[PDB]
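Next up: just one chain, as structure tokens, the form deposited in one PDB entry.
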């Protein structure tokens, strides 16, 4: 009658910022999303994914315009369908205890919509559009995108490398306050 072995819980504590008690609580959050899919005994080492539709509709994500990208970035195959490991990793990185450099790294991945290790004018267009639900005009969006590149494109190649992005964001006083999910 146990969800995990001692070794499995020790390993989750080792690779997340969660206590043993928190891993248990988050496991039940995960299992409750799809109780006919997720087994109650993980000592069997199951290979199970909760589908994206149930992840993105969770209270902690459902109102986030970037919810699909967040689940894609942390999911095993980039499609938003999540193993337990993926789910724990997502909330661990997004927790208040995660260091700023780790958060900046994953923020970069979230906003790199085309997954090319750069944030270009097209990635910026997607970000601004979602942030304003399409309520800015295409021309209005273009100005913003151009200004961000002017401000932040440090190596002057037309696009934001991770280094460009980290230089810009680690200065921002509200990055840690807003790039935070509590669960």
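We call the rigid core the largest set of C-alpha positions that still match within 1.5 Å between the two forms. Residue numbers count along the first chain shown, from 1.
The same protein has a further form, the form deposited in another entry, not shown here; the description that follows concerns it.
Once both forms are fitted on their core, the CA shift for residue 9 between the shown form and the other one remains under 2 Å. Taking the rigid core as fixed, one finds a CA shift for residue 117 smaller than 2 Å between the shown form and the other one. A movement of the C-alpha atom of residue 134 reaching 2 angstroms or beyond is seen between the shown form and the other one when the two forms are aligned on their rigid core. Between residue 88 and residue 174, the Cα spacing is larger in the other entry than in the shown form, differing by no less than 3 Å. By 3 Å or more, the C-alpha separation between residue 117 and residue 176 grows in the other entry relative to the form shown here.
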